[PDB]
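Peer 1: Below are the structure tokens for one structure; questions will follow.
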Amino acid sequence: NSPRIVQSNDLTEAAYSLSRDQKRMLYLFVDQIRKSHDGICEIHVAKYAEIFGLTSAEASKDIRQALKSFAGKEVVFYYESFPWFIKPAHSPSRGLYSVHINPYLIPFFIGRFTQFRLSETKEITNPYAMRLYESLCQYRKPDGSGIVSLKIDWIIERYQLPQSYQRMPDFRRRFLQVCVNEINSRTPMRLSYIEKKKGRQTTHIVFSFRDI
DNA sequence: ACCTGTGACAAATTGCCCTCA
DNA sequence: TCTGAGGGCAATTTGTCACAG
DNA sequence: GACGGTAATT
DNA sequence: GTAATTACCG
Ligand SMILES: [Mg+2]
Ligand SMILES: [Mg+2]
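FYI, the numbering for the first sequence is 14 to 49, 56 to 97, 109 to 141, 145 to 245, going by the deposited numbering.
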């Protein structure tokens with residue numbers, strides 16, 4: 014049974030922009046941190068490859084490029111911004127990377146919490162769909178169902194959606210429908226929604242879900 | 001002016017393949 | 001030989017915007 | 001490369 | 001023929 018990720022709701026609702034590969038690595042960091056400290060973590064290429072059904076080569080490519088793409092990335096808890115890394119990653123041994131997570135991030139990870150097993154999200158491709166599945170997990174009930182109304186502006190400012198998704202039809206076509214379809218095809222969740230409006234503008238999205 | 005969706009194009013990402021220390 | 005660090009790809013997805021209703 | 005199987009050399 | 005350590009090859 015795959016690793017049970019838990020995280021403070023403050024991270025689920027933080028403002029940041031990470032790729033799929035970066036979020037994948039981040040889940041393992043959160044797992045390492047929680048089992049305890057000082058903040059120094061490690062990643063093995065071959066274990067990553069086995070976890071996500073990747074080759075060693077493509078695993079190596081994903082880790083390396085995610086890792087160099089962390090530089091300058093920042094995290095906002097609503109309104110405080112932090113860098114993810116305080117030192118570049120580096121490899122003491124072949125197939126092994128050592129990373130220095132900002133120790134000031136530790137209390138935001140382990141605290145009003147969100148939890149999901151890693152197999153639920155490891156087939157998801159779109160990172161915004163990972164964000165959506167995390168925010169839905171934050172409201173899930175023991176039995177596996179839930180319902181929540183999210184404000185569109187808050188979705189855009191938390192997930193840092195790109196500017197053209199401020200136009201609602203592109204928001205619908207390239208984010209909402211794709212990430213709902215992905216969740217429904219790639220997780221053990223079954224998700225539906227309906228739109229809440231005010232005048233001509235759509236202001237919130239109401240998600241209902243149950244477990245299969 | 002506001003809303004919706006679709007058609008196109010560009011930019012990014014994906015799972016691939018190959019090569020050599 | 002088995003790893004993994006590189007070097008590439010075509011097909012597909014994602015981000016953007018012009019245009020009609 | 002890094003590691004271990006296998007022949008080779010004392 | 002054996003023993004055992006070793007260069008090196010895959
Ligand atoms: Mg990859
Ligand atoms: Mg999709």
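Where is the CB? At the ideal position from N, CA and C, for every residue including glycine.
Is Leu86 near ligand 1, judged by its Cβ being under 7 Å from some heavy atom?
Peer 2: Checking every heavy atom of ligand 1 against the Cβ of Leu86, none is found closer than 7 Å.
Peer 1: Given 7 Å as the limit, tell me if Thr158 has its C-beta closer than that to any heavy atom belonging to ligand 2.
Peer 2: Checking the Cβ of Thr158 against ligand 2 gives yes.
Peer 1: At what residue ranges does the segment 172-224 contain a whole run of the beta strand (DSSP E), taking only runs of 3 or more?
Peer 2: Entirely contained in the segment 172-224, the beta strand (DSSP E) runs reaching 3 residues are, in chain order, 179-184.
Peer 1: How far does the beta strand (DSSP E) with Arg164 in it extend, from its first residue to its last?
Peer 2: Element bounds for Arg164: not the beta strand (DSSP E) but the alpha helix (DSSP H), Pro160 to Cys170.
Peer 1: Spatial neighbours of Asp34 within its chain, please: C-beta separation below 8 Å, excluding the five flanking residues on both sides.
Peer 2: Answer for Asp34: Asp81, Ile82, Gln84 and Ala85, listed in chain order.
Peer 1: When we look at the beta-carbon of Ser21 and count the other beta-carbons within 10 Å, is it buried (16 or more) or exposed?
Peer 2: The residue is buried, with at least 16 neighbouring Cβ atoms inside 10 Å.
Peer 1: Report the residue from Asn217, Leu165, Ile245 and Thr220 whose alpha carbon sits nearest the alpha carbon of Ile238.
Peer 2: It is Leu165 whose Cα lies nearest to the Cα of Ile238.
Peer 1: Kindly indicate which three-state DSSP category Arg233 falls into: helix, strand or coil?
Peer 2: DSSP places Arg233 in coil when its eight states are reduced to three.
Peer 1: Which of the three DSSP states, helix, strand or coil, is assigned to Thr25?
Peer 2: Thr25: helix per DSSP, three-state reduction.
Peer 1: Buried or exposed: where does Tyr97 fall if 16 or more other Cβ atoms within 10 Å of its Cβ makes it buried?
Peer 2: By the 10 Å Cβ count, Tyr97 comes out exposed.
Peer 1: For residue 101, which residues from the same chain have a beta carbon less than 6 Å from its beta carbon, with the 5 sequence-adjacent residues on both sides left out?
Peer 2: For residue 101, no position is available: the coordinates of the chain end at 97 and pick up again at 109.
Peer 1: Could you check the C-alpha separation between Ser152 and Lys117 for me, to the nearest Å?
Peer 2: So the two alpha carbons sit approximately 30 Å from each other.
Peer 1: For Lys80, is the beta carbon positioned less than 7 Å from some heavy atom of ligand 1?
Peer 2: The answer is yes for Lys80.
Peer 1: Name the DSSP bridge partner or partners of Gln148?
Peer 2: According to DSSP, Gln148 bridges with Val19.
Peer 1: In angstroms, rounded to a whole number, what distance separates the CA positions of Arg219 and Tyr134?
Peer 2: So the two alpha carbons sit approximately 34 Å from each other.
Peer 1: Got a sec: does ligand 2 put a non-hydrogen atom nearer than 7 Å to the Cβ of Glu26?
Peer 2: No, since every heavy atom of ligand 2 falls outside the 7 Å radius drawn around the Cβ of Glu26.
Peer 1: Under three-state DSSP, which class holds residue 101?
Peer 2: Residue 101 cannot be located in this model; the chain continues from 97 straight on to 109.
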